[PDB]
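Peer 1: Below are the structure tokens for one structure; questions will follow.
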Amino acid sequence: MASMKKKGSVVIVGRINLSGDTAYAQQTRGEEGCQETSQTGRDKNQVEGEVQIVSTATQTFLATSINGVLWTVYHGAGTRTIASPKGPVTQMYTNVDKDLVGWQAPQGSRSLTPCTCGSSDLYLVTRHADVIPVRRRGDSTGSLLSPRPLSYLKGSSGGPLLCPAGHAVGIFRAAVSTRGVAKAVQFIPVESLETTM
Ligand SMILES: C=C[C@@H]1C[C@]1(NC(=O)[C@@H]1C[C@@H]2CN1C(=O)[C@H](C(C)(C)C)NC(=O)O[C@@H]1C[C@H]1CCCCCc1nc3ccc(OC)cc3nc1O2)C(=O)NS(=O)(=O)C1CC1
Ligand SMILES: [Zn+2]
């Protein structure tokens, strides 16, 4: 019981840059470094942007900042802390029934704003910065306009689904697939984010 360990913190290893001409993923911490920043929690690298790429010692996914909170998904993060300059940081929101968790948006970062103009055709940002047209077919669901394998959507949970203007409509959570070809998607409607707040 003395020779016991603890599940390290979630570490920011990069970001999906969207603030210019094109969308592209940037790496900020290697694998050997992330394996350490998760064991300590002391993350010195400053934060920029809205969509961050996060990793645990065994998995990797995304996290989106909205209304001043860095949201992600529970099945990737769990109750883990996040590495901040001032050590680990406890989540200020945890709802397993929704598969949702959140930390205070670190400084130096920007937080999207919920879309209030009614989203019709959404755009899903993937782990590899790809922007995939989604046709909102529900309140938390959206069919894909172009079919592609599930393998290109794995590790994208916690990412954003965006208005044509760029506001946030939800948080990619699960995928609807048949025969290995993803046909639709589901997300956490940003209104439920507000309700949790
Ligand atoms: C392909 C990419 C896809 C975005 C990803 N999401 C998933 O794979 C989720 C995880 C799990 C199964 N998922 C699915 O998408 C399934 C699957 C058949 C597997 C495609 N699809 C599906 O159900 O269709 C039905 C409409 C949905 C409604 C019913 C499902 C409800 C969703 C859900 N809620 C909870 C609450 C609490 C929990 O505690 C442990 C756990 C949960 N797990 C869940 O779904 C992803 O990349 N993750 S990740 O980044 O690689 C990860 C390593 C970090
Ligand atoms: Zn909008």
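Each chain in the structure tokens gets a letter, A, B and so on, in the order shown; residues start at 1 in every chain, and ligands are counted from 1 in the order they appear.
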Could you make a table, as a tab-separated table, of the residues of chain A that have an atom within 8 Å of an atom of ligand 1, each with its nearest atom pair and distance in Å to one decimal, counting only C-alpha atoms and all ligand atoms, in chain and number order?
Peer 2:
```
residue	atom	partner	partner_atom_place_in_ligand_line	distance
A:59	CA	ligand 1	53 (C)	5.0
A:60	CA	ligand 1	54 (C)	5.3
A:61	CA	ligand 1	50 (O)	4.3
A:62	CA	ligand 1	50 (O)	7.1
A:73	CA	ligand 1	54 (C)	7.9
A:74	CA	ligand 1	39 (O)	6.0
A:75	CA	ligand 1	40 (C)	4.3
A:76	CA	ligand 1	54 (C)	3.8
A:77	CA	ligand 1	54 (C)	7.3
A:78	CA	ligand 1	40 (C)	7.2
A:96	CA	ligand 1	37 (C)	4.7
A:97	CA	ligand 1	36 (C)	5.6
A:98	CA	ligand 1	36 (C)	5.8
A:99	CA	ligand 1	36 (C)	4.0
A:100	CA	ligand 1	36 (C)	7.8
A:150	CA	ligand 1	1 (C)	5.1
A:151	CA	ligand 1	1 (C)	6.5
A:152	CA	ligand 1	1 (C)	7.4
A:153	CA	ligand 1	2 (C)	4.4
A:154	CA	ligand 1	47 (O)	3.3
A:155	CA	ligand 1	50 (O)	3.2
A:156	CA	ligand 1	47 (O)	4.8
A:157	CA	ligand 1	4 (C)	4.1
A:158	CA	ligand 1	50 (O)	7.3
A:172	CA	ligand 1	4 (C)	6.0
A:173	CA	ligand 1	6 (N)	4.8
A:174	CA	ligand 1	15 (O)	3.0
A:175	CA	ligand 1	15 (O)	3.7
A:176	CA	ligand 1	24 (O)	4.4
A:177	CA	ligand 1	20 (C)	6.3
A:182	CA	ligand 1	1 (C)	7.9
A:185	CA	ligand 1	26 (C)	7.2
A:186	CA	ligand 1	26 (C)	6.1
```
Peer 1: Give me, as a list in words, the set of residues whose atoms come within 10 Å of any atom of ligand 2, counting only C-alpha atoms and all ligand atoms.
Peer 2: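 Within the 10 Å cut-off, the matching residues are residues 113, 114, 115, 116, 117, 118, 119, 120, 122, 162, 163, 164, 165, 166, 167, 168 and 169 of chain A.
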Peer 1: What lies within 8 Å of residue 130 (chain A) using only C-alpha atoms, ignoring chain neighbours under 3 positions off, as an NGL selection string?
Peer 2: :A and (23-24 or 124-127)
Peer 1: May I have the selected residues written with N, CA, C and O atoms, as a PDB file, in the first residue's frame?
Peer 2:
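What follows is the written file result13.pdb:
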```
ATOM      1  N   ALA A  23      -6.901  25.528 -41.073  1.00  0.00           N
ATOM      2  CA  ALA A  23      -6.872  24.781 -39.823  1.00  0.00           C
ATOM      3  C   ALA A  23      -5.794  23.709 -39.911  1.00  0.00           C
ATOM      4  O   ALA A  23      -5.723  22.975 -40.902  1.00  0.00           O
ATOM      5  N   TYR A  24      -4.957  23.627 -38.881  1.00  0.00           N
ATOM      6  CA  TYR A  24      -3.872  22.656 -38.862  1.00  0.00           C
ATOM      7  C   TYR A  24      -3.494  22.372 -37.417  1.00  0.00           C
ATOM      8  O   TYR A  24      -3.553  23.257 -36.560  1.00  0.00           O
ATOM      9  N   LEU A 124     -17.477  19.725 -38.201  1.00  0.00           N
ATOM     10  CA  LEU A 124     -16.779  18.971 -37.170  1.00  0.00           C
ATOM     11  C   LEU A 124     -15.276  19.068 -37.383  1.00  0.00           C
ATOM     12  O   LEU A 124     -14.778  18.785 -38.478  1.00  0.00           O
ATOM     13  N   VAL A 125     -14.559  19.469 -36.338  1.00  0.00           N
ATOM     14  CA  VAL A 125     -13.102  19.510 -36.365  1.00  0.00           C
ATOM     15  C   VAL A 125     -12.576  18.207 -35.780  1.00  0.00           C
ATOM     16  O   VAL A 125     -12.983  17.798 -34.687  1.00  0.00           O
ATOM     17  N   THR A 126     -11.678  17.552 -36.508  1.00  0.00           N
ATOM     18  CA  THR A 126     -11.162  16.255 -36.110  1.00  0.00           C
ATOM     19  C   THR A 126      -9.797  16.406 -35.446  1.00  0.00           C
ATOM     20  O   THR A 126      -9.244  17.502 -35.327  1.00  0.00           O
ATOM     21  N   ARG A 127      -9.248  15.270 -35.007  1.00  0.00           N
ATOM     22  CA  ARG A 127      -7.929  15.269 -34.389  1.00  0.00           C
ATOM     23  C   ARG A 127      -6.867  15.826 -35.326  1.00  0.00           C
ATOM     24  O   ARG A 127      -5.901  16.449 -34.870  1.00  0.00           O
TER      25      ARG A 127
END
```
Peer 1: Using only C-alpha atoms, which residue out of A:64, A:81, A:192, A:146 lies closest to residue 134 (chain A)?
Peer 2: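 Among the listed residues, the smallest separation from residue 134 (chain A) belongs to A:146.
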Peer 1: Quick one: DSSP strand (DSSP E) residues in chain A, as a ChimeraX atom specification?
Peer 2: /A:11-17,24-27,51-55,60-66,69-72,82-84,87-89,93-95,100-104,121-125,131-136,141-149,160-162,168-178,181-189
Peer 1: Might you pull out every residue within 8 Å of residue 50 (chain A), with only C-alpha atoms counted and same-chain residues fewer than 6 positions away left off, and present them as a list in words?
Peer 2: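 These residues fall inside the cut-off: residues 15, 16, 17, 64, 65, 66, 109, 110, 111 and 112 of chain A.
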Peer 1: Atoms to include: N, CA, C and O atoms. Write the selected residues as an mmCIF file, in the first residue's frame.
Peer 2:
```
data_model
loop_
_atom_site.group_PDB
_atom_site.id
_atom_site.type_symbol
_atom_site.label_atom_id
_atom_site.label_comp_id
_atom_site.auth_asym_id
_atom_site.auth_seq_id
_atom_site.Cartn_x
_atom_site.Cartn_y
_atom_site.Cartn_z
ATOM 1 N N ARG A 15 -2.532 21.461 -30.026
ATOM 2 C CA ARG A 15 -3.726 22.263 -30.260
ATOM 3 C C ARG A 15 -4.115 22.133 -31.724
ATOM 4 O O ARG A 15 -3.314 21.708 -32.562
ATOM 5 N N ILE A 16 -5.355 22.509 -32.018
ATOM 6 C CA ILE A 16 -5.848 22.632 -33.386
ATOM 7 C C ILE A 16 -5.966 24.124 -33.672
ATOM 8 O O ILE A 16 -6.891 24.787 -33.189
ATOM 9 N N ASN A 17 -5.030 24.658 -34.453
ATOM 10 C CA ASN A 17 -5.022 26.081 -34.762
ATOM 11 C C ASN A 17 -6.095 26.396 -35.795
ATOM 12 O O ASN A 17 -6.180 25.737 -36.835
ATOM 13 N N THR A 64 -12.155 21.307 -25.714
ATOM 14 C CA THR A 64 -12.569 22.579 -26.288
ATOM 15 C C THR A 64 -12.921 23.562 -25.181
ATOM 16 O O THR A 64 -13.614 23.209 -24.221
ATOM 17 N N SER A 65 -12.444 24.797 -25.325
ATOM 18 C CA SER A 65 -12.713 25.851 -24.357
ATOM 19 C C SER A 65 -13.952 26.631 -24.778
ATOM 20 O O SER A 65 -14.041 27.100 -25.918
ATOM 21 N N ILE A 66 -14.901 26.767 -23.857
ATOM 22 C CA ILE A 66 -16.165 27.445 -24.133
ATOM 23 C C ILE A 66 -16.625 28.140 -22.860
ATOM 24 O O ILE A 66 -16.627 27.541 -21.781
ATOM 25 N N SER A 109 -5.442 31.726 -23.119
ATOM 26 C CA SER A 109 -6.269 30.982 -24.054
ATOM 27 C C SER A 109 -7.520 31.777 -24.403
ATOM 28 O O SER A 109 -7.866 32.766 -23.753
ATOM 29 N N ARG A 110 -8.200 31.319 -25.450
ATOM 30 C CA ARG A 110 -9.463 31.893 -25.887
ATOM 31 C C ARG A 110 -10.554 30.836 -25.797
ATOM 32 O O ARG A 110 -10.306 29.644 -26.005
ATOM 33 N N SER A 111 -11.767 31.282 -25.483
ATOM 34 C CA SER A 111 -12.915 30.401 -25.327
ATOM 35 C C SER A 111 -13.992 30.789 -26.330
ATOM 36 O O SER A 111 -14.416 31.949 -26.374
ATOM 37 N N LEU A 112 -14.429 29.819 -27.129
ATOM 38 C CA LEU A 112 -15.514 30.048 -28.066
ATOM 39 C C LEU A 112 -16.758 30.529 -27.319
ATOM 40 O O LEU A 112 -16.804 30.572 -26.087
#
```
Peer 1: Using DSSP secondary structure from the backbone, list all helix (DSSP H, G or I) positions within region 8-124 of chain A, as a list in words.
Peer 2: residues 31, 32, 33, 34, 35, 36, 37, 38, 39, 40, 74, 75, 76 and 77 of chain A
Peer 1: Keeping only C-alpha atoms, write those residues as a PDB file, in the first residue's frame.
Peer 2:
```
ATOM      1  CA  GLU A  31       5.553  11.567 -25.858  1.00  0.00           C
ATOM      2  CA  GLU A  32       8.432  11.312 -23.376  1.00  0.00           C
ATOM      3  CA  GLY A  33       7.583  14.788 -22.081  1.00  0.00           C
ATOM      4  CA  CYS A  34       3.846  14.201 -21.797  1.00  0.00           C
ATOM      5  CA  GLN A  35       4.548  10.978 -19.894  1.00  0.00           C
ATOM      6  CA  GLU A  36       6.351  13.201 -17.361  1.00  0.00           C
ATOM      7  CA  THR A  37       4.008  16.206 -17.218  1.00  0.00           C
ATOM      8  CA  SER A  38       1.253  13.712 -16.357  1.00  0.00           C
ATOM      9  CA  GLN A  39       3.277  12.307 -13.445  1.00  0.00           C
ATOM     10  CA  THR A  40       4.075  15.765 -12.017  1.00  0.00           C
ATOM     11  CA  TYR A  74     -15.374  11.703 -19.259  1.00  0.00           C
ATOM     12  CA  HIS A  75     -14.581   8.405 -20.997  1.00  0.00           C
ATOM     13  CA  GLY A  76     -11.236   9.905 -22.041  1.00  0.00           C
ATOM     14  CA  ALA A  77     -10.401  11.969 -18.956  1.00  0.00           C
TER      15      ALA A  77
END
```
Peer 1: Restricting the calculation to only C-alpha atoms, which member of A:131, A:12, A:69, A:145 is positioned closest to residue 193 (chain A)?
Peer 2: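 Selected residue with least distance to residue 193 (chain A): A:69.
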